Amino acid sequence: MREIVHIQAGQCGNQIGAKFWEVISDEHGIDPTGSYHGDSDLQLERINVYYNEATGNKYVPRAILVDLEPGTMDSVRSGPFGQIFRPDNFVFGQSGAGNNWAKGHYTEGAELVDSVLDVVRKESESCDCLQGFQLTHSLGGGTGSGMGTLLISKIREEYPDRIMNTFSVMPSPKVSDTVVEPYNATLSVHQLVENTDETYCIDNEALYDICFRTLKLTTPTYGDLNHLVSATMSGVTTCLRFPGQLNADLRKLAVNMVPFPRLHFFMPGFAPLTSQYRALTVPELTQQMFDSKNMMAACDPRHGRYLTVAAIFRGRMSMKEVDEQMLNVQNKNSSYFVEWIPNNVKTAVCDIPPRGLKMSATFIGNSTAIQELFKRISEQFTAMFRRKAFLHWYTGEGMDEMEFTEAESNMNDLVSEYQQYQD
Amino acid sequence: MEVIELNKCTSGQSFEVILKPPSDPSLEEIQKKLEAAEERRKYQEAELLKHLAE
Amino acid sequence: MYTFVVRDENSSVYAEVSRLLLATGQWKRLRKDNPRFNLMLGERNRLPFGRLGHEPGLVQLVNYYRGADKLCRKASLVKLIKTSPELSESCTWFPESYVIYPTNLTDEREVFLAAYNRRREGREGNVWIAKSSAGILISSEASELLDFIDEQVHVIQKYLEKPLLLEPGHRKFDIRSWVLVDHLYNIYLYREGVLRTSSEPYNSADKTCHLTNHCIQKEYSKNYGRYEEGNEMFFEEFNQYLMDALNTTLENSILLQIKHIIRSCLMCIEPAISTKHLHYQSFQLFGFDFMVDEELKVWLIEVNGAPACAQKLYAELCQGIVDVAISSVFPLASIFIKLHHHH
Amino acid sequence: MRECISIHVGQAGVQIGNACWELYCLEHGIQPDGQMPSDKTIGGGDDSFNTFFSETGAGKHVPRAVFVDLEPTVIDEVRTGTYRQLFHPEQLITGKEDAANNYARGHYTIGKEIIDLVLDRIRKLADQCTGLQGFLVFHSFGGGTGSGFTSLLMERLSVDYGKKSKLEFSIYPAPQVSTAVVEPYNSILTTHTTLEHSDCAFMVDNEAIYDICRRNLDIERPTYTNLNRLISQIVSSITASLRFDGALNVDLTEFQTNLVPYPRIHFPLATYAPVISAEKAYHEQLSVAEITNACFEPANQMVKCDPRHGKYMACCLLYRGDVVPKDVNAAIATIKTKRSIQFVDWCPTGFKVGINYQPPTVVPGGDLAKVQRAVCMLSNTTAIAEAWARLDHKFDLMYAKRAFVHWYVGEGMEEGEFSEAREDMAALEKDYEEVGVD
Ligand SMILES: Nc1nc2c(ncn2[C@@H]2O[C@H](COP(=O)(O)OP(=O)(O)OP(=O)(O)O)[C@@H](O)[C@H]2O)c(=O)[nH]1
Ligand SMILES: Nc1ncnc2c1ncn2[C@@H]1O[C@H](COP(=O)(O)OP(=O)(O)CP(=O)(O)O)[C@@H](O)[C@H]1O
Ligand SMILES: Nc1nc2c(ncn2[C@@H]2O[C@H](COP(=O)(O)OP(=O)(O)O)[C@@H](O)[C@H]2O)c(=O)[nH]1
Ligand SMILES: [Ca+2]
Ligand SMILES: [Ca+2]
Ligand SMILES: [Ca+2]
Ligand SMILES: [Mg+2]
Ligand SMILES: [Mg+2]
Ligand SMILES: [Mg+2]
């Protein structure tokens, strides 16, 4: 019993978190009321990782829903699977965070964070052997970014020997709500560098480009973006939710994927991304899964080197042919894999495929090309900060300009650390 | 090619064939290392809580 | 798309083979320390055979036979011929040789002097030559030979006092043959050999007319390039000479003995070096050195494990290496005489 | 009679141990409930099979085995398996969370908290013994528990049982089935700290077992169940002399005497033949000469290497089935004239031969075909050092960049243990080279 405690913070965090629980509940046979109605015992073998079992054979997600506004969480409670969540795990305020990291992290969020930790502690106490936490949030807003990183710091203080994993949505001017998103993201990235063991970088720029270029959607919505996120999150947690030998818990995943503590930011990928009845072959799954157009971080892998790679194939397929194609991609493009980490590409296979797909493949790369994402944010940060533009929103909450300068320096240090291992 | 030391029993036999002649730390010391490593884990955790307290 | 690595930058033969592999657009060169290769052009010394054949899903091949040094070393070859029943001490095509360790270090000092005294009394020719894999002394007195070695392991073998002398010139030579052994242990003899000839008249009473090395004839011989370009006579001219002068052919008088010696040496070590049931495969190119006496009898001098080729023959031989040794294992999208044998 | 206690550590050790005791019961006619009809001394005895099985007054034959794992899911397969009735709960030790493929986590952090419980459960088995020989320890190199806790357990066994022998069955890491990039680290770390505590260690390379399962059993993608049934056959061949009447390798001390002249060079190479697919309706039975000849084919070794390019220090042949000494000596004389069998000058060029007339037992429904005769050769070759050179090279590549080192330091291990373990391995490779290279 290796339980994970799930936390979703802010608008983006709760909308993507709600879809994640909607997707994996279907995969595990859990209906919107928490009653199991599946046809395979594989669905319940590792069900306790994410679900609590209550009276009446009811399965309750081990999920805590956090926001500084009630709006999005009211939509969740009215959503498809809204009634499945534990009612006492809705922790919300009323003021909102105004897309302001300082409000989430220092003022408005500080007033609410203790009541969230009370719910975290209650869920942790009912864990046979808690292995760690996963957080869904965006970095561009105020609650998910500012209060989310505040939560991560206080959770690390109370559970210093547990793994912290995040799905962190990176802002992009292509899909932007406010101009201060680079400020909020830069402040949050340093928090993640220090206080997470694994972070999946979900870039809204990549999600838009995939919807537009590949899926041929002229006007992508936040719903279309969250479809790619939902499918990716199911794929990267399959090894946690179903029986397997590789990266079966959060700590073993970290040991395999993180050669240096600060370089723990992963580029996810998914295949297929189809705009739909045609069967997809193992060579096609393997080629698309490594294609830049299937990456969720808007970084070109050929501009960097893979430190480690995990690949997960779902569905009934030839495991021999999977190995042949996986060993084919490595042995044909071995210049993009570091030579000082032998056998750094690990492959796993799960029999149960996602809903509506005969087979699929999920990519998890620790690539030095992720420095392109942080460089992009850093340039957008500096373009405003050199003129101190929009800073009054933050100094009005008690912050000083020096904390911005130190955040700017910290992320440029992170970029430089990726650059030394690329050479 | 010499067969030596042939022993036979109900369940088998064994022999040797020659083709050519020729031409700890104490219980205390272990506990010290285990405790020295535990102390380094306690020092690293205290430095973390100190960092988080700041 | 096959991959390969290069680990011997001084190899002229495989520098061309690497060039030919890239010219087909189906072979990609990797860094020298990248273990995800199909083919290794390995280094000469301390090739890491123990790390080959452990890459999942990669058929790996290397251009050297592990253990073939026993045939390609001075002292090792003499011990191999004397101690192997397939070759035996009564071997007729290898000069009587003895392994002599220097006194500042088994050894055959007493056995060499025993046969040396048999020739001194019997009025026979008693000229021997000392050499090693590391500096060569030819003498008729056994005292000068043993004293020079003490001044690494050395060998002393009978110096062929009656060599076949080409005319005009009255000059000495030696024959180099290139032999390719593939992963199936097929023995391929390159149809083109070279005669590395001395340009000085052979004086049976100065080492310039006694050693036919291409470097010695270019640094100490005052007739370099006089009779043939670079003191290199190829098989066409040598065969025509044997017909015009000796009324015989190169095939009958010499090449039958050469192919016989090559088979005997390589079949003898086949159980020790074969990669037939091994987790990796090997091939290797060998350079055999032969001496011919006045009776048209061929003698084996040495086997070179990392030989160079003649400038005129690089393109033909290196292409042949790619055909039968590399493309037979990794096919894409005869200049050799196959010496048939029983595996 | 003198007893032997088996210790299974980590997933690999437990799942292999489960396959071995399944085979032992089939070989000794012991039913899943522990009853042994052929045993006429009910409730006691000092027969050869009692070295591995104790007896209860009710006639149950109980393995002298301890299972240890830092995660309960694998040992729970033993609690609810076919042979669950053999074991009592005192023999199955589980923890809450595993070592996460981290030697330091299994050795220091979690090892310190469970070592006393393990030694106490071992002491309960040792008190059943009138004359304990020692221990057989099954573990992987690559796992955090199999590497980290094993080396700690081996240190404490040398303290609490100083005069007892200790043998290992170790699973060498192969990327084709491995689950961790840091397994080279764990392998070198556990070998360094266990070297002076193990009298004789049988390494099994998962790469060799994998390819034998694909080549000779026609399994496209072998699973752990396929691999472990083959390993348990080899293991049974090695321990059969301790469990049956005989005169060769009758106690643990004789393994060291017959296979390990130099104590640090205590890794014998195992080669097994024949391995025949059960799906073959009829296979021509191989002769004594053919299975003995197959003992010198690298494709049949537990570790892929080339014994031609090394020297032998000792060589045992362990036959099972229809084999008579006449056919063994005929095969050996033929092989001496065809193979490059070079012994070191300070050891006789010979073969210690053991024959057990009972043919190999195969698990019903398994992948292995029943054969009339089989052989396991245990030879101490310097050629097995190729496996160390492969491992040490992968260690060097990662450690030059300190990749993943922070995971180990974060568990309380000093970085110097890395370099100290690596230097010991460099000295090990030097020992092998001085013994087997001219
Ligand atoms: N032959 C064989 N190898 C196994 C088996 N199980 C695991 N392995 C190998 O063991 C290595 C991993 O070590 P494990 O034994 O699984 O890990 P552990 O000892 O339980 O330690 P933890 O890290 O705490 O889980 C890998 O190289 C696997 O290939 C098995 O059942 N049979
Ligand atoms: N027993 C013998 N009788 C007559 N001549 C001999 C001889 N042994 C050697 N030679 C001569 O000495 C020369 C050099 O002999 P050796 O083979 O030792 O040189 P080497 O090995 O450096 C040539 P390579 O570069 O092809 O290896 C040969 O060209 C040969 O003519
Ligand atoms: N992919 C995705 N991104 C979102 C969603 N909602 C908001 N975002 C992004 O998140 C950032 C805004 O943060 P938000 O979560 O709305 O603020 P918060 O409520 O204070 O945490 C912007 O970069 C948006 O592009 C969503 O549903 N899906
Ligand atoms: Ca207030
Ligand atoms: Ca009894
Ligand atoms: Ca001891
Ligand atoms: Mg918003
Ligand atoms: Mg030479
Ligand atoms: Mg385990």
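Atoms within a ligand are numbered from 1 in the order they appear, just like the ligands themselves. Within every chain, numbering begins at 1; the chains are lettered A, B, ... in the order of the sequence lines, protein sequences first and strands thereafter.
- Neither the backbone nor the side chain of A:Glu69 comes within contact range of ligand 3; no heavy atom lies under 4.0 Å.
- In summary, C:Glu302 and C:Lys131 do not engage in a salt bridge, as defined by a charged side-chain N under 4.0 Å from a carboxylate O.
- A donor atom on one side chain and an acceptor atom on the other are found under 3.5 Å apart for A:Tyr394 and A:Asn184.
- Which parts of ligand 3 touch A:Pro171 is read off a 4.0 Å heavy-atom cut-off, strictly below it: atoms 23 (O).
- Here the side chains of A:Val179 and A:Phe390 are in contact, with some heavy-atom distance below 4.5 Å.
- A salt bridge does not link A:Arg2 with D:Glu97: none of the charged nitrogens is closer than 4.0 Å to a carboxylate oxygen.
- Side-chain contact annotation: D:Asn186 with D:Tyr408, donor-acceptor N/O pair under 3.5 Å present.
- The aromatic rings of A:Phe266 and A:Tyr200 sit perpendicular, their planes meeting at an angle over 60°, well past the 30° parallel limit.
- Heavy atoms of A:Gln15 found under 4.0 angstrom from ligand 3 belong exclusively to the side chain.
- Using a 4.0 Å cut-off between charged nitrogen and carboxylate oxygen, D:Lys96 and A:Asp128 count as a salt-bridge pair.
- Proximity of C:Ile136 to C:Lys207: side-chain heavy atoms (C-beta onward) are nowhere separated by under 4.5 Å.
- Considering every non-hydrogen atom in both A:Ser138 and A:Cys12, the closest pair reads CB-CB, 3.6 Å.
- Ion pairing of A:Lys174 with A:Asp209 is present here, as a side-chain N (NZ or NE/NH1/NH2) and a carboxylate O approach within less than 4.0 Å.
- Residue-to-ligand polar distances place A:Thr143 within reach of ligand 3: an N/O pair is separated by less than 3.5 Å.
- Side-chain contact of A:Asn256 with A:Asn247: a donor-acceptor pair under 3.5 Å is present, judged by distance alone.
- The two residues A:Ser234 and A:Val23 make their nearest non-hydrogen contact at CB-CG1, 3.9 Å.
- Considering both main-chain and side-chain atoms, A:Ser176 never comes within under 3.5 Å of ligand 3 through any nitrogen or oxygen pair.
- In terms of N/O distances under 3.5 Å, ligand 3 is approached by A:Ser138.
- Close N/O approach between A:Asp67 and ligand 3 is not found [any backbone or side-chain N/O within under 3.5 Å].
- Distance from atom 17 (O) of ligand 3 to its nearest protein heavy atom, with residue and atom name: A:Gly141 CA, 3.4 Å.
- Taking any N or O of A:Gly142, backbone or side chain, at least one lies under 3.5 Å from an N or O belonging to ligand 3.
- Atom 21 (O) of ligand 3 has A:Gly144 N, 2.7 Å as its closest protein atom, hydrogens excluded (heavy atom only).
- Close approach of ligand 3 to A:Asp177 (heavy-atom distance below 4.0 Å) involves ligand atoms 12 (C), 22 (C), 24 (C).
- For ligand 3, one of its N or O atoms has an N or O atom of A:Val175 under 3.5 Å away.
- The protein non-hydrogen atom at the shortest distance from atom 16 (O) of ligand 3 is A:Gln11 OE1, 3.1 Å.
- Given atom 24 (C) of ligand 3, the protein heavy atom at minimum distance is A:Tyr222 OH, 3.2 Å.
- No side-chain donor-acceptor contact under 3.5 Å links A:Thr199 and A:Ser168.
- Atoms of ligand 3 found under 4.0 Å from any heavy atom of A:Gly10 (numbered from 1 in listed order, with element): 19 (O), 21 (O).
- Excluding waters, the set of protein N/O/S atoms under 2.8 Å from the Mg ion (ligand 8) reads C:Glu302 OE1, C:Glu302 OE2.
- In summary, the atoms of ligand 3 found under 4.0 Å from a heavy atom of A:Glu181, numbered by their order in the structure, are 22 (C), 23 (O).
- Among all non-hydrogen protein atoms, the one lying nearest atom 2 (C) of ligand 3 is A:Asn226 OD1, 3.4 Å.
- Residues D:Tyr103 and D:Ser151 have side chains that bring a donor and an acceptor to within less than 3.5 angstrom of each other.
- Summarising the contacts of atom 1 (N) of ligand 3 with A:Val169, A:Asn100, A:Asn204, the nearest heavy atom is found in A:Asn204.
- Nearest protein neighbour of atom 8 (N) of ligand 3, counting heavy atoms only, is A:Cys12 CB, 3.6 Å.
- A donor-acceptor contact under 3.5 angstrom links the side chains of D:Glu411 and D:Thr109, judged on distance only.
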